Structure formats: structure tokens, C-alpha cells
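The next block holds one structure in the form of C-alpha cells; read it before the comments.
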Amino acid sequence: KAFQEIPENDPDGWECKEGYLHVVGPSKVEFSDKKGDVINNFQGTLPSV
RNA sequence: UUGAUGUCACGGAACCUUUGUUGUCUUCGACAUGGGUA
């Protein structure tokens, strides 16, 4: 894992190293015409895009 | 820019010869997506 800010529950064992961020976006997306089983188990209402 | 007693230049068809031709079924099913977990 990598965190710029130290997590509250794990404040020990973190090493600061230089590097770059490979930023692309929410690319892992599955789209379907019909409601999937995972979507059918969603609690509440589906937010807009 | 002529020369003189002598100019058929209306004396001479830019004329003659070469195929835009050749080759192609308006046809049709498997994915797309990048991690996540530890």
C-alpha cells in the first residue's frame, strides 16, 4: 500500500520514498443493459453518473 | 523602322498515329474492461 497521509489506525512502519503516480482513472468498469446481480443487491437508489 | 523599274507568302491545314482500361460479392458474432486479494 501507499499513503501520502499516515493512516490513523496504522501510525507505525511507514517509509517515505520518492516516486511518481500512475494516474488513469476509474477505468475498470463493466456496463450492462440488464440489472446485474451485484446491482440487484445494492442498498438504496443508484446515483446518477 | 523600309527604299523603289521586279515580293504569287491568301505559295504552306500543326498535320499524322494511341480504348481511362484493369482487379474487388454492400458483406458480417464474440466479447469489451483492469485489476483486486493477501
Side-chain angles (χ1 to χ4, degrees):
Chain A
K1 201 68 175 183
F3 276 110
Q4 183 180 358
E5 300 182 2
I6 297 299
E8 305 175 0
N9 58 331
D10 192 8
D12 191 9
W14 291 93
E15 307 175 4
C16 182
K17 301 178 182 179
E18 305 179 6
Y20 301 93
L21 291 162
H22 190 16
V23 186
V24 279
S27 48
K28 178 63 179 180
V29 167
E30 298 181 356
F31 75 108
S32 179
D33 302 1
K34 305 301 180 180
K35 194 174 187 179
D37 193 9
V38 181
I39 305 100
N40 189 26
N41 297 18
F42 180 79
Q43 300 177 349
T45 60
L46 302 178
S48 300
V49 183

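Only this structure's heavy atoms are used, side chains among them; waters, hydrogens and symmetry mates stay out. Numbered from 1 within each chain, the chains take letters A, B, ... in sequence-line order.
For residues 7-15 of chain A, proximity to RNA chain B is found at no residue, defined as any non-hydrogen atom under 4.0 angstrom from a strand atom.
The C1'-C2'-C3'-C4' torsion of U19(B) is negative. Its sugar is therefore classed as south. Here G34(B) counts as south. Its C1'-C2'-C3'-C4' torsion is negative. The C1'-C2'-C3'-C4' dihedral of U17(B) is positive. Its furanose therefore counts as north. Pucker assignment for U21(B) gives north. The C1'-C2'-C3'-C4' angle has a positive sign. Pucker annotation for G23(B) reads north, on the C3'-endo side, since its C1'-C2'-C3'-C4' dihedral is above zero.
Under the 5.5 Å and 30° stacking definition, the step from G34(B) to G35(B) does not qualify as stacked. Neighbouring nucleotides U18(B) and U19(B) do not stack on each other, since their six-membered rings fail either the 5.5 Å centre distance or the 30° plane angle limit. Base stacking between strand neighbours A14(B) and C15(B) is present, with six-membered ring centres closer than 5.5 Å and ring planes inclined by less than 30 degrees. For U24(B) and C25(B), a centre-to-centre distance below 5.5 angstrom together with a plane angle below 30 degrees is not found for the six-membered base rings.
Taking the syn range as angles within 90° of 0, the glycosidic angle of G11(B) is syn.
Spacing of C1' atoms, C25(B) relative to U21(B), comes out at 22 Å, to the nearest Å. Taking atom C1' on both nucleotides, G20(B) is separated from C16(B) by 23 Å, rounded to a whole Å. Atom name P, nucleotides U7(B) and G3(B): the rounded distance is 15 Å, in whole Å. Rounded to whole Å, the separation between the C1' atoms of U5(B) and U1(B) comes to 24 Å. Separation of the P atoms belonging to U33(B) and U37(B) is 22 Å when rounded to the nearest angstrom. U26(B) sits 22 Å from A30(B) when the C1' atoms are compared, rounded to a whole Å. Look at the P atom in both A13(B) and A9(B): the space between them is 16 Å, to the nearest Å.
Contacts of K35(A) classified as side-chain contact (heavy atoms from CB on, under 4.5 Å), with partners at least two apart in sequence or in another chain: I39(A), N40(A). Applying the salt bridge (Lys or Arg N to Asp or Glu O under 4.0 Å) rule to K28(A) yields no partners; only residues at least two apart in sequence or on another chain are considered.
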Paired and unpaired positions of RNA chain B as dot-bracket, Watson-Crick or G-U wobble under 3.5 Å, | denoting a partner strand: ......................................
Distances for protein N/O vs nucleotides 35-38 of chain B N/O pairs under 3.5 angstrom?
none

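At whole-Å resolution of the value, CD in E30(A) and P in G34(B) are 11 Å apart.
Residue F31(A) qualifies as open at atom CZ: its count of foreign heavy atoms under 6.0 Å is 12 or below.
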Can you give me every donor-acceptor pair (side chain of residues 6-23 of chain A, partner residue at least two apart or in another chain, under 3.5 Å) with its distance?
unit_1	atom_1	unit_2	atom_2	d
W14(A)	NE1	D10(A)	O	2.8

